[PDB]
Amino acid sequence: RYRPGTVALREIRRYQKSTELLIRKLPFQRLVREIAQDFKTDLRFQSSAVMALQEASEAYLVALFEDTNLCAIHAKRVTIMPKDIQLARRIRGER
Amino acid sequence: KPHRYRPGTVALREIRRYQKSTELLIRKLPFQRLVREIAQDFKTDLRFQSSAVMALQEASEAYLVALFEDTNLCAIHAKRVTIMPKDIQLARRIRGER
Amino acid sequence: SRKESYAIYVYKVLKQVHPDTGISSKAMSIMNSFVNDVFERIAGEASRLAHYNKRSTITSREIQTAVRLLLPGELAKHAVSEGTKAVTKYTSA
Amino acid sequence: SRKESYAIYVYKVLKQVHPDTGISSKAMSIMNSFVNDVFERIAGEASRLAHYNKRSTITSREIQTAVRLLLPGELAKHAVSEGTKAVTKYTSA
Amino acid sequence: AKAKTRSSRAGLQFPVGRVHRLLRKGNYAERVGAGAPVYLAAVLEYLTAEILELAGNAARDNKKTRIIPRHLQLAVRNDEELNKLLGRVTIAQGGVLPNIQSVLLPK
Amino acid sequence: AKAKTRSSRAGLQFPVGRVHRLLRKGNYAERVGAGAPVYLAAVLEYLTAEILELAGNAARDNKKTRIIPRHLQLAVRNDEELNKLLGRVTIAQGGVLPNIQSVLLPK
Amino acid sequence: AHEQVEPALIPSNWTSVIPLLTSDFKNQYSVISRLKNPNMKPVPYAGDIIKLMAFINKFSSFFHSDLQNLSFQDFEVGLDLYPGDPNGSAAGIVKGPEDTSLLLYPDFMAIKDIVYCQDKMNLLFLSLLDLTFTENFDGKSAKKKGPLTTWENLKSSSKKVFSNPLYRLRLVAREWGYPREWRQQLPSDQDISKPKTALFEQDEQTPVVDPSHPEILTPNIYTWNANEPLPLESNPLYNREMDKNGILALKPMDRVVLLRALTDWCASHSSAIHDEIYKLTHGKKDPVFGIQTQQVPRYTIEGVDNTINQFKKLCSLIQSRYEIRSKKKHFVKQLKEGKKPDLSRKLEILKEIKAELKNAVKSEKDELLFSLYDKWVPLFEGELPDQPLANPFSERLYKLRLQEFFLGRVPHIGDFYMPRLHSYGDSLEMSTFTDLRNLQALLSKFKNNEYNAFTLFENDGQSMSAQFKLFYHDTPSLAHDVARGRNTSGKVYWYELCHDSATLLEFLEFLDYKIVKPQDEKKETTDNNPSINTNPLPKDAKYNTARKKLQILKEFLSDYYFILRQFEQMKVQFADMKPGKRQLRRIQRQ
Amino acid sequence: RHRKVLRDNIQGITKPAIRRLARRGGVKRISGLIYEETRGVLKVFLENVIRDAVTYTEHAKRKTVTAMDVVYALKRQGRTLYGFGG
Amino acid sequence: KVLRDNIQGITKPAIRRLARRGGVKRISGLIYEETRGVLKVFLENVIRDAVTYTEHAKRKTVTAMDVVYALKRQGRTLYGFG
DNA sequence: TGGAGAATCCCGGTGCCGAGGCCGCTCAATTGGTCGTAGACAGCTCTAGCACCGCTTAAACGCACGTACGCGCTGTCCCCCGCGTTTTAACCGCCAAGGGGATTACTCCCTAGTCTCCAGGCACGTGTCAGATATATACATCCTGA
DNA sequence: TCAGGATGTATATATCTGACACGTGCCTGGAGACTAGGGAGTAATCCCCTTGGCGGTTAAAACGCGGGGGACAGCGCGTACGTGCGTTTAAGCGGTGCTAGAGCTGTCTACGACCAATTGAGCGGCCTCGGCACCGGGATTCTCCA
């Protein structure tokens, strides 16, 4: 049994070394169609449209987690908490 | 016994006083000389309209005030009330300025 | 020379909304800048909308879509309402 | 339809720089997007410069100033160098 | 015949003619339709009415009768949608909204 | 009689004629000078070469011979000025820069 | 005699690389200002700045890295000094052929450079003050390693960083001594050094109370005429602006005087350097020829051709001397027992090279010296510890007393000084201050310019002085004035020749005319000479060796011209630390 | 003629996926309350982008949302994307 | 005439007045220098751009419009100066 | 918990200077034509988006267990605030010179619009080797132990 | 601290493919030649607005010194988070079938550019008085040691 944290760094290196998408594709496609349902009914999507949405979304979340990690280290923690996300988004100008 | 306010009361009084007013908080002449000193590097013997310097000062003061608001949020986040240089650096890094 | 502005129009609207209120010079400068800025934003967005669809004309459809893109929520709803009202009043005449 | 792109030109420049390196199709798509983006930025800034000075022409002065305003530091110095070189070669021949 | 300004046909205060001229000379597109300046003038007038109403109320809450930049600032920053529209805008001589964070207050 | 491209006259690989057409058809100004397409093509060619060289180096370091988006991403983010020029751009399938905060490292 | 006895390599003629000047060669009048030309400038502040530069050269470890690459223009611009006026500074310099205005560096050069030079000069002032006074903790303290003062120390938030050392200085200075320019020079022309102030002896005590002891130790005593400083208000050291503003708050000449006095006081009372210097000079050794204050390298004082000729004669003589040394009766009989390891390796390799060198032709006799100097170094162990043509800049004995900006001596004229930069310990990578062989080697690489500005600043060009100037010091006039009655209180003995490449070539053009021997001896060097430049040296045979030395100086200066214009263009190309990767990407892109 | 109404697909952004996204961002330890916050953030981002994409689609009188619509929406929000045209 | 050391005219009390308007209650002693640096950078960015417009118009005077255009280029639109 | 002193509010009075109204006088908006082509509109082809089914199998999920991290408490001491006193330079009101920005009248050459011609670039077919996968190997790292 | 065993990792060989590189027709768009006319460049002028001085005043900045309170470090606990393992689920991949709607073409008319005549709305000039800034004196509130 590894000490809690070794697998964490090993995964960090793994997922920073690759470039593939990190969310399942069907769930995300269903999420996209569900959200769009409230602006126009019976909408069709090009497949590349959904893929573009997923690329943009994942890039956005990764950058948000980088800022979250900085805000956590600022308060002398290592665990990121909802306060960190809220502070990051408040400084960015999103809230 | 000379009367003294506790440390912090006058600070709050000033916070209210300066959040209620709207005039500029930096002296005019020193800021004007700062503008000219900076502008030396780009072109020699420049002239400035008066409104140009006023516009620079309005924009500058607005920018610093907003930056201090973000800095204060960072300081409160770290469970402090004193703002510190690392708070400014964190704010400017999150914003995208560094 | 002459220098055109939006001052008198802003003053007319003001007299329609608060009949007994004036406005400073610097406040009028601010409102003039605000009108210019919003005009420029909407016109630029409409220009892009025309270019995307390979059109060479800016019509009311372009302006309506640009308004929907730039303004938030209730502002956009009411703005489209007023714009459509004005266009209908203009054509029906 | 003969949808146009900068594919062959980017390929040419690549062969000049690294004579024996290829490029993916997705990477070609990215580089095409980059060229279009920078073209749009520079042309738009030059347009704003022309409108500001009440002029109806985009000359190489406008392009030079737009490059100075848009590119950071050393990139701007080098790009201005190249542009001036190219215009000189073009006119003198 | 007797001339009626385009802005009066549509029942507006802003100039349809001036807006149409600005559109034509701005190089936004090759051609400008007949309804575009009307529609855009209506929108601009609506937004101006919004700002001026809120700022007039703000001025009245100070027992003033001239609107000054401070009142425009208060009007904009107290309305969520106008504040979202003008989030990247600085209003000269505006000031800020009075706001002191809770953990700074005496306890 | 014998044609000789404007791009050839200026010693460029990018098209001067196509850039001139895009300028004329894009509604940027009423008229377009003669040296403007030349200058703009020179600038675009230079920036392309700049990014392609760095991407070629990055791809070479990974023992590859074809450039893929990962290498474009590495070239851009590892250079200060290119990173400033494309600070608000997402390169599809680019990944991130391998970077772990020091305090998180074990000791 | 015994075996053709080892020809004694006498130290008097066969010194090390270091000869001397003996400071009395020009016992005969040489005051004539004949070398004058349009490109001459009288610079009163010159020797002072030379003293500053030499001091900062000898004390590299004590000072910041940014202070080690200073040049003479850096001092001038920083202190706002202009050459020309023999009464101080010629305020402003004229420009072009004719000029109603004057250049006034703000009107002439980029302004951030002026600011940066001034910042360097405040940094130097603060570093000297720190090294002088931060000695309550003497030398080694909490901030031991590195220079005592750095940029962030100067740019610190103390905001009056100079105030406390200023107070300390105005305290200890009244007795540490004031410069002759800052002495209260006498209005009353009666209290001179040898005489005294006031007649304290009311009368001589001729009627002694004790006739048995007529002798008295108080014949006629006075009040003492000890020299005074200025009033406190007129003592510029008491100018309050120095607290915040720094050194840039005096008169430019007062700037110079204060820096000089501070260097003297540092050298005397900075007990760190105070003991370090006396350690370095009077350690357990005397000079290989004998104590003399000022000394030079050999190739400086004679020149390349004469020194290599005489050391070729020396080389042949001492090679035959080695051959004698081995095959010597007593030496041979003591060799079989292993007398010294040098006395065997030297002898064996010297025999094999006697075989390989008697093979060498007389045309190769000259070249073998410069080719075999590499293995020739380990030879000189039983002989002098250094080669007669060796590296001066590797000694701890010829370090305190050595002056390195000196570039040559000429009879009846004076000396040519070349104040360029630091070359001691640090910044030796491309230091032109080095042995003759590798010196001429580097100058050769820069005639054909195998190294250019990019390699030039890669190879510590930023640690290397970007610019330079060339000076003539009239040793004969000042030596005679000292020996004859000290006419000097403010007289000038330094003159400026050439500050950049173009003026360097102008001076070469003018000096080669001096190298023209007097064929006007058999007359009946150019026209209009008695009016602007005395080209024809007095027709006689005095200047013949002087002209050989002038020929070698012309050679050395033309050899320098390459590397000197090399730096003078490298600075312009790469004044700022910049990403030159893109700069070379220009060339690869085109 | 099948037009179903989806419900609660936001839970398909599973907790492991969020941990992977955080791991690519350099995060070592993750609070348990992070997941709901992240789903809310993602929902807001997608709503903002899709509203603009569908506006562009409607203006062109189309019924499919194309890749250009997404690209234009993102550019309009200052999040330019490379690799899909435009 | 050279200009130098003018950033020291942004005094400590002026900085703390700006901090007060920002709602800051206690201020560390190292803030002031830091703040000055920040200000310098900001101005250097905008003034540079402003001069770029002035040179392009071939003027020798920096007008308020040049400053407004520079600010707007950086995403900091300013109302009230034309 | 109640009072003493400092801050702030308030009411009346006074003065000024800019907001707001009036009045010529352009010159930009409006009206009524003609002229061309941009886009509305109908129609057709055929791509690709949608739905469904089946089989693999990797990822998601649930639960168990343990320890590492977050958070609360305490104590110390340094460093910023509050206030007094000295010092300095900002500000104001006035004055003067002169540089540079704006206006005006000519002049000319550069760019658009047009027509003719042909080749450069793109769509469409074919090969093969760079990269991914598999599979077998020594090397470095982690965790526990002495 | 040195090390051994287990594991994940850098290393080395084998094969396998499909994505990239290479190679024909054709057609559209770039090049050449040419003319016109207006945008842009130049010279002359004038006036206003920026820079620089001067002296008085006083508000703000600087400096110094308690001392109170917040930053920070250290410690202890307990619960939430990571890690592992078996069981369940649904993503992914393929194949089949279908039709909505994307995308292109061809007609043709209604809308917008353009232009000359006409005029009336809005701009600059010029007064004038009232809203608001300021002051001074009294009222009320707020903070801090009891």
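Each value in this text was obtained by applying a stated rule to the coordinates, not by laboratory testing. For neighbour counting, all protein chains shown are included, and Cβ atoms are generated from backbone atoms with ideal geometry for every residue, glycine included.
Kindly indicate which of B:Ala39, B:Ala75 is crowded, with 17+ Cβ neighbours inside 10 Å, within 11 Å of DNA strand K (Cβ to nearest atom), more than 7 Å from every other protein chain (Cβ to nearest Cβ) and closer than 19 Å to I:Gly37 by Cβ. Checking each option against the conditions leaves just B:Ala75. When you scan the stretch G:288-304, do you find a residue that is farther than 22 Å from G:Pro388 by Cβ, part of a helix (DSSP H, G or I) and not hydrophobic (A, V, I, L, M, F, W, C), even just one? Within the stretch G:288-304 (the criterion being farther than 22 Å from G:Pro388 by Cβ, part of a helix (DSSP H, G or I) and not hydrophobic (A, V, I, L, M, F, W, C)), the answer is no, since none of the residues qualifies. The set of residues in the stretch D:14-28 being in a helix (DSSP H, G or I) and within 13 Å of DNA strand J (Cβ to nearest atom) consists of D:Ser25, D:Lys26, D:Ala27, D:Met28.
Determine which member of the set B:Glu69, B:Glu58 is within 16 Å of I:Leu71 (Cα to Cα), more than 11 Å from DNA strand J (Cβ to nearest atom), within 8 Å of another protein chain (Cβ to nearest Cβ) and under 16 Å from the mean Cα position of the chain (by Cα). Checking each option against the conditions leaves just B:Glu58. Only one of the numbered conditions (1) within 8 Å of chain A (Cβ to nearest Cβ); (2) surrounded by fewer than 17 Cβ atoms within 10 Å (Cβ to Cβ); (3) within 10 Å of DNA strand K (Cβ to nearest atom); (4) not acidic (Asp, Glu) is not met by H:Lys43, and that is (3).
Considering only residues that are charged (D, E, K, R) and within 24 Å of the chain's Cα centre (by Cα), look in the stretch G:430-485 and name the one that is farthest from G:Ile56 (Cα to Cα). For the stretch G:430-485, the residue satisfying everything is G:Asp481. Here G:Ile349, G:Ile353 are screened, and the one residue that is surrounded by fewer than 16 Cβ atoms within 10 Å (Cβ to Cβ), among the aliphatic types (A, V, I, L, M) and not in a loop (DSSP other than H, G, I, E, B) is G:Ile349. For H:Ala73, the conditions (1) closer than 21 Å to F:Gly94 by Cβ; (2) buried (at least 22 other Cβ atoms within 10 Å of the Cβ); (3) facing chain A (nearest Cβ under 7 Å) are fulfilled apart from (3).
Screening the candidates C:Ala43, C:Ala7, C:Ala93, C:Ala66 for the property of being buried (at least 21 other Cβ atoms within 10 Å of the Cβ) and either within 7 Å of chain E (Cβ to nearest Cβ) or over 14 Å from the mean Cα position of the chain (by Cα) (or both) yields one hit, C:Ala43. Among the residues here, B:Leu34 does not qualify as surrounded by fewer than 21 Cβ atoms within 10 Å (Cβ to Cβ) and either within 7 Å of another protein chain (Cβ to nearest Cβ) or within 14 Å of the chain's Cα centre (by Cα) (or both). The lone criterion from (1) more than 9 Å from DNA strand K (Cβ to nearest atom); (2) closer than 30 Å to F:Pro98 by Cβ; (3) among the charged types (D, E, K, R) left unmet by F:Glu45 is number (2).
Among the conditions (1) surrounded by 18 or more Cβ atoms within 10 Å (Cβ to Cβ); (2) under 17 Å from the mean Cα position of the chain (by Cα); (3) more than 8 Å from chain A (Cβ to nearest Cβ), H:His59 misses just one, which is (2). Restricting attention to the stretch G:367-381 and to residues that are surrounded by 14 or more Cβ atoms within 10 Å (Cβ to Cβ) and not hydrophobic (A, V, I, L, M, F, W, C), the residue that is farthest from G:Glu6 (Cα to Cα) turns out to be G:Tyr373. When we screen G:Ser33, G:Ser101, G:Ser61, G:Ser12 for residues that are of a type outside the set (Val, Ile, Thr), assigned to a helix (DSSP H, G or I) and surrounded by fewer than 17 Cβ atoms within 10 Å (Cβ to Cβ), the only hit is G:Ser61. Mind listing whichever residues of the stretch E:14-42 are more than 13 Å from DNA strand J (Cβ to nearest atom) and within 17 Å of C:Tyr11 (Cα to Cα)? Within the stretch E:14-42, just E:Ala42 meets the criteria. A Cβ distance below 6 Å, combined with a sequence gap of six or more or placement on separate chains, defines the contacts here; from the stretch A:35-61, residues that are closer than 14 Å to H:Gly83 by Cα reach no residue that is basic (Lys, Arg). Scanning the stretch G:462-487 for residues that are assigned to a loop (DSSP other than H, G, I, E, B) and within 17 Å of G:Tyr29 (Cα to Cα) yields G:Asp474, G:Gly485, G:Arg486, G:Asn487. Filtered by the rule that a residue be crowded, with 19+ Cβ neighbours inside 10 Å and within 9 Å of DNA strand K (Cβ to nearest atom), the stretch H:21-40 gives H:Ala22, H:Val27, H:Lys28, H:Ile30, H:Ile34.
Candidates in the stretch I:16-35 are the residues that are among the hydrophobic types (A, V, I, L, M, F, W, C) and farther than 27 Å from G:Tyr116 by Cα; of these, the one that is nearest to DNA strand J (Cβ to nearest atom) is I:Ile27.
Hey, does the stretch B:48-55 have a residue that's within 11 Å of DNA strand K (Cβ to nearest atom), closer than 30 Å to G:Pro106 by Cβ and not in a helix (DSSP H, G or I)? Scanning the stretch B:48-55 turns up at least one residue that is within 11 Å of DNA strand K (Cβ to nearest atom), closer than 30 Å to G:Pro106 by Cβ and not in a helix (DSSP H, G or I).
Of all residues being surrounded by fewer than 19 Cβ atoms within 10 Å (Cβ to Cβ) and not charged (D, E, K, R) in the stretch G:398-417, which is farthest from G:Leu478 (Cα to Cα)? Just the residue, please. In this case the residue turns out to be G:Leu400. Residues in the stretch G:358-374 that are of a type outside the set (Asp, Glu) and in a helix (DSSP H, G or I): G:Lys358, G:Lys362, G:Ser363, G:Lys365, G:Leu368, G:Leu369, G:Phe370, G:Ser371, G:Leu372, G:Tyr373. Considering each residue of the stretch I:59-70 in turn, at least one proves to be closer than 18 Å to D:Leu71 by Cα and more than 13 Å from DNA strand K (Cβ to nearest atom).
Determine if the stretch B:13-26 includes at least one residue that is within 27 Å of B:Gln89 (Cβ to Cβ), within 13 Å of DNA strand J (Cβ to nearest atom), part of a loop (DSSP other than H, G, I, E, B) and facing chain I (nearest Cβ under 9 Å). Within the stretch B:13-26, one or more residues are within 27 Å of B:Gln89 (Cβ to Cβ), within 13 Å of DNA strand J (Cβ to nearest atom), part of a loop (DSSP other than H, G, I, E, B) and facing chain I (nearest Cβ under 9 Å). Looking at the stretch I:4-20, is at least one residue more than 11 Å from DNA strand K (Cβ to nearest atom), more than 8 Å from chain B (Cβ to nearest Cβ) and out of contact with any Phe, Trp or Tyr (no Cβ under 6 Å at 6 or more places or on another chain)? Yes, some residue in the stretch I:4-20 is more than 11 Å from DNA strand K (Cβ to nearest atom), more than 8 Å from chain B (Cβ to nearest Cβ) and out of contact with any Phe, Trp or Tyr (no Cβ under 6 Å at 6 or more places or on another chain).
Residue by residue, here is whether (1) assigned to a helix (DSSP H, G or I); (2) within 13 Å of DNA strand K (Cβ to nearest atom); (3) among the acidic types (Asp, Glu) holds:
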| position | (1), (2), (3) |
| --- | --- |
| C:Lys3 | no, yes, no |
| C:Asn32 | yes, yes, no |
| C:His51 | yes, no, no |
| C:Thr91 | yes, yes, no |
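Of the numbered criteria (1) touching a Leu at 6+ places or on another chain (Cβ under 6 Å); (2) within 14 Å of DNA strand K (Cβ to nearest atom), the one F:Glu81 fails is (2). The criterion of at least 3 residues that are within 7 Å of chain C (Cβ to nearest Cβ) and under 24 Å from C:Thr84 (Cβ atoms) is met, among helices (runs of 4 or more DSSP H) falling completely within the stretch E:1-65, by E:35-60. Any residue in the stretch E:45-58 that's more than 9 Å from E:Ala75 (Cα to Cα): show its pairings with residues that are not in a helix (DSSP H, G or I) at Cβ separation under 6 Å, as long as the two are six or more apart or on different chains. Final answer for the pair search is E:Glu45/E:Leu12; E:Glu45/E:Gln13; E:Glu45/E:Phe14.
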